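Protein chains: 2
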Amino acid sequence: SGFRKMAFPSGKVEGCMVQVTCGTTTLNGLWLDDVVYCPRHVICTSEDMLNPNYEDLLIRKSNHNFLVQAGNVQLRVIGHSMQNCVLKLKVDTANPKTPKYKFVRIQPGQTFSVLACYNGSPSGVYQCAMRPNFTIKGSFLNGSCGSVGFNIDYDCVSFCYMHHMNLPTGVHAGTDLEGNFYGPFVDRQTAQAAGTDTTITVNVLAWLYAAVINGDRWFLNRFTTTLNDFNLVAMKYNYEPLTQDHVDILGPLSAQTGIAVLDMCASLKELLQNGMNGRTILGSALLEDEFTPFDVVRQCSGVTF
Amino acid sequence: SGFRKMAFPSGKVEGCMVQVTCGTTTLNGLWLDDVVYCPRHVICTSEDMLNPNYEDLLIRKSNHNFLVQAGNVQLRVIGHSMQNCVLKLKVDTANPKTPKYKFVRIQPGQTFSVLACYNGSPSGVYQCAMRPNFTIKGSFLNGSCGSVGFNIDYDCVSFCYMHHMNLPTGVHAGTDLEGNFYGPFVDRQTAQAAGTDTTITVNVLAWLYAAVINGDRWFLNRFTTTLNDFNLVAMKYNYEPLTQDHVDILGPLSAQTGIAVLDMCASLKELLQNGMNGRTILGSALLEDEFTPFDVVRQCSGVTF
């Protein structure tokens with residue numbers, strides 16, 4: 001009973017966090033096997049950060065200039081390479097706490113837990129979504145860079161995010177664990193246009209299902225609709241279009257709730273067109289698009305790790 | 001930049017969770033040193049739960065009837081006692097992962113992270129507040145009972161909550177780690193009147209400060225007010241009264257934000273009386289009372305553990 005924004009357990013990831021210092025700059029890093037992953041902007045000084053040539057800056061640097069503190073204990077850097085926008089420091093020790101893990105790139109709309117860190121020390125954990133414009137709405141102060149986002153599949157930790165930039169706009173940008181930015185971003189302190197953000201339609205849908213499951217059901221209407229009809233209204237309200245794929249993903253919830261996806265769409269249209277009239281759905285006055293269909297089923301069916 | 005609802009890192013607590021089975025019933029338990037803490041309602045069968053005499057039921061039970069699975073591994077129960085509404089099973093092994101810890105009772109308004117569990121396995125983590133009527137608004141399915149809530153002070157884990165009841169109303173009740181229920185609750189499947197819940201005034205205040213810190217500041221007015229004046233309006237909107245103590249606690253934020261508590265109150269009164277007019281404060285259409293003054297300073301100043 002009840003339904004909340006819920007992060008994964010952070011333990012396994014906690015034991016992979018390390019501090020990485022280079023000259024002045026210090027930030028977080030991820031220690032897996034004999035390799036530590038971190039942002040290359042560690043090697044920038046303030047001036048560089050306006051337009052760094054990352055080729056030239058690294059050439060000047062050598063193993064011994066990379067200080068990698070694993071909590072209390074130093075680690076011996078024995079090699080370094082740069083893969084897109086990430087840095088990869090090889091070290092004599094393999095992390096004994098290395099979990100079962102993968103690196104995945106995620107699609108916009110998919111959620112993950114962030115473990116926010118300063119000086120390689122865990123600070124707090126929260127759930128986020130990859131916004132359609134490839135930004136995230138997290139909580140990141142100076143030093144948060146290097147913090148990772150991840151999912152868990154029973155015992156396996158898919159890392160999907162590493163934080164790099166706090167955009168002038170106060171949202172957030174970063175890379176997959178192969179250094180490729182999510183979105184049109186680059187690692188340099190400049191003005192950077194992030195696009196129109198739209199609302200993640202399938203998630204909201206999935207969120208309404210959870211509500212019905214939890215007895216918030218005032219929003220249920222008799223009406224039905226069609227994809228074409230609804231999308232026409234979505235576009236109007238900056239919602240992503242809806243696809244058969246989305247519907248297919250919303251299938252299990254339909255089967256259990258006994259509410260056909262397209263009637264739910266009906267409910268949504270009404271909300272969009274009419275607002276909520278001072279009503280709340282699961283203690284929120286607006287609609288929540290940061291819950292995947294999967295996210296609901298896990299929470300509602302009580303999956304453990 | 002940005003500001004979110006953020007739980008503590010769950011690792012240290014993760015390694016204290018164990019499954020506890022007795023007859024049919026199975027639920028979570030907390031293994032610390034050679035002691036495992038769990039709800040006594042484990043020893044109830046369905047029928048008992050309408051009106052269990054906990055004295056008589058335990059008398060019938062003996063050590064060997066308590067199955068305590070530590071993930072994979074069984075533990076040898078070598079003694080048992082009942083302390084108010086908690087059960088305390090002594091075992092030959094002391095948990096090697098036992099963290100530095102305390103047990104605290106918390107006051108209403110104070111927040112903590114819940115680690116929701118099924119079969120002694122971590123499921124997910126979220127932040128909660130002790131509502132003025134001593135309920136919580138979490139996410140708890142059958143088996144969630146035994147899950148604990150806690151805070152962290154650098155390296156020390158104050159446990160403040162263990163979950164027992166999912167109330168007919170769809171909110172939640174439980175004990176401190178000495179078994180004394182928070183609130184007027186008891187461990188029996190009956191209708192249980194939880195009181196009027198009011199809104200946690202100081203928290204909302206503290207929350208507005210974070211907003212201003214994050215550049216949401218449209219709600220800032222020129223007006224000022226007094227305690228007496230404001231409280232008069234609070235009572236009207238079911239807000240807890242405000243005390244010099246609350247103000248004293250809001251002092252640091254005032255000093256850094258340069259906004260005197262009582263002007264902030266001014267802003268709040270206006271919001272209460274006028275609503276938000278379709279505006280949002282930190283991506284919420286209503287006001288957030290589940291953030292302590294401490295909670296803001298940690299997040300905003302970036303404290304680690």
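Here the protein sequences line up with chains A and A', keeping their order. A prime marks a further copy of an entry chain.
Residue numbers for the first sequence follow PDB author numbering, beginning at 1 and rising by one.
Residue numbers for the second sequence follow PDB author numbering, beginning at 1 and rising by one.
Virtual Cβ for every residue (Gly too), placed ideally from N, Cα, C.
Self-check item: alpha helix (DSSP H) segment containing A':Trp31, residue limits
Solution: As a position in the second sequence, residue 31 of chain A' is number 31, starting the count at 1. Here A':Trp31 belongs to no alpha helix (DSSP H); instead the beta strand (DSSP E) covers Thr26 to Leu32.
Quiz item: Using CA coordinates, which residue listed in A:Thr190, A:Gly302 and A:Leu27 is at the minimum distance from A:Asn142?
Solution: Counting from 1 along the first sequence, the entry for residue 142 of chain A is found at position 142. Among A:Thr190, A:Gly302 and A:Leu27, the Cα nearest to that of A:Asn142 belongs to A:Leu27.
Practice problem: Using alpha carbons as the reference points, say which of A':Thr226, A':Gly258, A':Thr21 and A':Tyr237 lies closest to A':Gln244. | Solution: As a position in the second sequence, residue 244 of chain A' is number 244, starting the count at 1. Of the candidates A':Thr226, A':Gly258, A':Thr21 and A':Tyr237, the one whose C-alpha sits nearest the C-alpha of A':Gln244 is A':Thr226.
Quiz item: Taking any Cβ of chain A', which residues in the region 3-20 of chain A have a Cβ under 9 Å from it, in chain order?
Solution: Here the close residues are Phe3, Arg4, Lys5, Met6, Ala7, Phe8, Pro9, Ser10, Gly11, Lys12, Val13, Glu14 and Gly15.
Self-check item: A':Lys102 at chain A interface by Cβ criterion, 9 Å
Solution: To locate residue 102 of chain A', count along the second sequence from 1; it is residue 102. Closer than 9 Å: no.
Quiz prompt | Cβ contact (3+ pairs, closer than 8 Å) linking the region 292-304 of chain A and the region 235-253 of chain A | solution = Yes: the two stretches touch, three or more of their Cβ pairs being nearer than 8 Å.
Quiz item: Where does the unbroken beta strand (DSSP E) through A':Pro132 begin, and where does it stop?
Solution: On the second sequence, position 132 is the one that residue 132 of chain A' refers to. For A':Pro132, no beta strand (DSSP E) run applies, since DSSP gives it neither H nor E.
Practice problem: For the region 275-296 of chain A, enumerate the residues whose C-beta is nearer than 9 Å to any C-beta of chain A', in chain order. | Solution: For the region 275-296 of chain A, the beta-carbon criterion of a distance under 9 Å to any beta-carbon of chain A' is satisfied by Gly275, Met276, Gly278, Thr280, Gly283, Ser284, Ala285 and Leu286.
Quiz item: Based on Cα-Cα distance, which residue from A:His163, A:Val202 and A:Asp155 lies nearest to A:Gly149?
Solution: By 1-based counting over the first sequence, the position of residue 149 of chain A is 149. When C-alpha distances from A:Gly149 are compared across A:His163, A:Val202 and A:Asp155, the shortest belongs to A:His163.
Exercise. Report the rounded CA-to-CA distance for A':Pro99 versus A':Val157, giving the unit in angstroms.
Key: Along the second sequence, one-based indexing puts residue 99 of chain A' at 99. Along the second sequence, one-based indexing puts residue 157 of chain A' at 157. Going from the Cα of A':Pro99 to the Cα of A':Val157 covers about 7 Å.
Self-check item: Members of the region 134-145 of chain A' near chain A, C-beta cut-off 7 Å
Solution: Per Cβ criterion, the list reads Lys137, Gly138, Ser139, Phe140, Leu141 and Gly143.
Quiz item: Mind checking if A':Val303 is an interface residue toward chain A, Cβ cutoff 9 Å exclusive?
Solution: Along the second sequence, read from residue 1 onward, the residue named residue 303 of chain A' stands at position 303. So yes, A':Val303 belongs to the interface.
Quiz item: Skipping 5 residues on each side, what residues in its chain have a beta carbon closer than 6 Å to that of A:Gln273?
Solution: The sequence position of residue 273 of chain A within the first sequence is 273, counting from 1. Answer for A:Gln273: no residue qualifies.
Quiz item: Expressed to the nearest angstrom, what Euclidean distance is found between the alpha-carbon atoms of A':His64 and A':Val77?
Solution: Start at 1 with the first residue of the second sequence, and residue 64 of chain A' comes out as number 64. Start at 1 with the first residue of the second sequence, and residue 77 of chain A' comes out as number 77. So the alpha carbons of these two residues sit roughly 7 Å apart.
Exercise. Enumerate in chain order the residues of its own chain whose CB-to-CB distance from A':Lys97 is below 6 Å, with the five nearest sequence positions on each side excluded.
Key: On the second sequence, residue 97 of chain A' is found 97 positions in, with the first residue counted as 1. Around A':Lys97: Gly15.
Practice problem: Could you tell me the distance, in whole angstroms, from the CA atom of A:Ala260 to the CA atom of A':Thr93? | Solution: For the purposes of this step, residue 260 of chain A is identified with residue 260 of the first sequence, where counting begins at 1. For the purposes of this step, residue 93 of chain A' is identified with residue 93 of the second sequence, where counting begins at 1. Answer to the nearest angstrom: the Cα atoms are 53 Å apart.
Practice problem: Entirely within the region 105-160 of chain A and at least 3 residues each: give me those beta strand (DSSP E) ranges in chain order. | Solution: Segments of the beta strand (DSSP E) lying fully in the region 105-160 of chain A: 111-118, 121-129 and 148-153.
Quiz item: Closest to A:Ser10 by CA distance: which of A':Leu177, A':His41, A':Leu268 and A':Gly124 is it?
Solution: The residue you call residue 10 of chain A lines up with position 10 of the first sequence. Looking from the CA of A:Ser10, the closest CA among A':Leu177, A':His41, A':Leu268 and A':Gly124 belongs to A':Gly124.
Exercise. Just the chain A' side, please: which residues come within less than 8 Å of A:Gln299 by C-beta, in chain order?
Key: The residue given as residue 299 of chain A occupies position 299 in the first sequence. Within 8 Å Cβ-Cβ: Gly124 and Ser139.
Quiz item: At a Cβ threshold of 9 Å, is A':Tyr118 touching chain A?
Solution: As a working mapping, residue 118 of chain A' is identified with position 118 in the second sequence. Yes, A':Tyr118 lies at the interface with chain A (some Cβ there is under 9 Å from its Cβ).
Self-check item: Local Cβ density within 10 Å of A':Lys269, reported as buried at 16 or more and exposed below that
Solution: Taking the first residue of the second sequence as position 1, residue 269 of chain A' is located at position 269. A':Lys269 should be labelled buried.
Quiz item: If contact means a Cβ-Cβ distance below 8 Å, which residues of the region 212-234 of chain A' contact chain A?
Solution: Going along the region 212-234 of chain A' in chain order, one finds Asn214 and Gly215 with a Cβ nearer than 8 Å to chain A.
Quiz item: Roughly how many angstroms lie between the CA atoms of A:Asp263 and A:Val247, to the nearest whole one?
Solution: For this step, residue 263 of chain A is matched to residue 263 along the first sequence. For this step, residue 247 of chain A is matched to residue 247 along the first sequence. The alpha-carbon atoms of A:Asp263 and A:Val247 are separated by roughly 12 Å.
Practice problem: Closer than 8 Å by C-beta to A':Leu271: which residues in its own chain qualify, once you throw out the five before and the five after it? Chain order, please. | Solution: Here residue 271 of chain A' is taken as the residue at index 271 of the second sequence, counted from 1. The beta carbon of A':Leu271 lies closer than 8 Å to those of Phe219 and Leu287 in the same chain, with the five residues before and after it left out.
Quiz prompt | chain A within 9 Å of A':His41, Cβ atoms only | solution = Stepping through the second sequence from its first residue, residue 41 of chain A' is reached at position 41. False, the Cβ-Cβ gap to chain A never drops below 9 Å.
Practice problem: Name, going along the chain, the residues of the region 158-169 of chain A whose beta-carbon falls closer than 7 Å to a beta-carbon of chain A'. | Solution: Those residues of the region 158-169 of chain A that come within reach of chain A' (Cβ to Cβ, closer than 7 Å) are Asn166.
Quiz item: Based on the DSSP secondary-structure assignment, which residues constitute the bridge partners of A':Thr198?
Solution: Position 198 of the second sequence, counted from the first residue, corresponds to residue 198 of chain A'. Looking at the DSSP assignment, A':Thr198 forms no beta bridge with any residue, so it has no partner.
Practice problem: Kindly indicate the opening and closing residues of the beta strand (DSSP E) around A':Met6. | Solution: Reading the second sequence from its first residue, position 6 is the one you call residue 6 of chain A'. Looking at the DSSP string, A':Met6 is not in any beta strand (DSSP E), and its letter there is neither H nor E.
Quiz item: Using a beta-carbon distance below 9 Å, is A':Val171 in contact with chain A?
Solution: Numbered from 1 along the second sequence, position 171 holds the residue referred to as residue 171 of chain A'. Cβ-Cβ to chain A under 9 Å: yes for A':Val171.
Practice problem: Mind checking which residues open and close the alpha helix (DSSP H) that includes A:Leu58? | Solution: Counting from 1 along the first sequence, the entry for residue 58 of chain A is found at position 58. That run of the alpha helix (DSSP H) goes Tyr54 to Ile59.
Practice problem: Please state whether DSSP places A:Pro252 in a helix, a strand or coil. | Solution: Position 252 of the first sequence, counted from the start, is the residue given in the question as residue 252 of chain A. Shown here, A:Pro252 sits in a helix according to DSSP, grouped into three states.
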